[PDB]
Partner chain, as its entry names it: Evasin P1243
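The data below hold one chain only, encoded as structure tokens and taken in the form solved without its partner chain.
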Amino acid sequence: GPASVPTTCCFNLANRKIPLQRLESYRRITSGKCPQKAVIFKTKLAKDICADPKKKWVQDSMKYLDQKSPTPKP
């Protein structure tokens, strides 16, 4: 059986770049459990992937999703 949930840290960072049209959302990591912070991307196929915050497609991806937010309020 799995330890509660089958997810802890994104050690297997994705090398390939994920598209925006196929992107659905993203989950950034910065808790006090993992050894290194990272990001997670979700496509339009009910699937999640790991991504590093020092990547070009990840940076644009994070900024893309982060930019998708509204102008006012936090």
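Positions refer to the first chain, counted from 1.
The same protein also has a form deposited with its partner chain bound, omitted here; what follows describes it.
Heavy atom of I18 within 4.5 Å of its partner chain in the deposited complex = Yes, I18 lies within 4.5 Å of its partner chain in the deposited complex.
Interface membership of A14, its partner chain in the deposited complex, 4.5 Å heavy atom rule = So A14 counts as contacting its partner chain.
ask   = Can any non-hydrogen atom of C10 be found within 4.5 angstroms of its partner chain in the deposited complex?
value = Yes, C10 lies within 4.5 Å of its partner chain in the deposited complex.
key: Close approach of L65 to its partner chain in the deposited complex, 4.5 Å, heavy atom   = No, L65 is distant from the partner.
query = If you look in the deposited complex, which residues in 20 to 51 sit within 4.5 Å of its partner chain (heavy atoms)?
reply = Residues within 4.5 Å: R22, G32, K33, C34, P35, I40, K47, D48, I49, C50.
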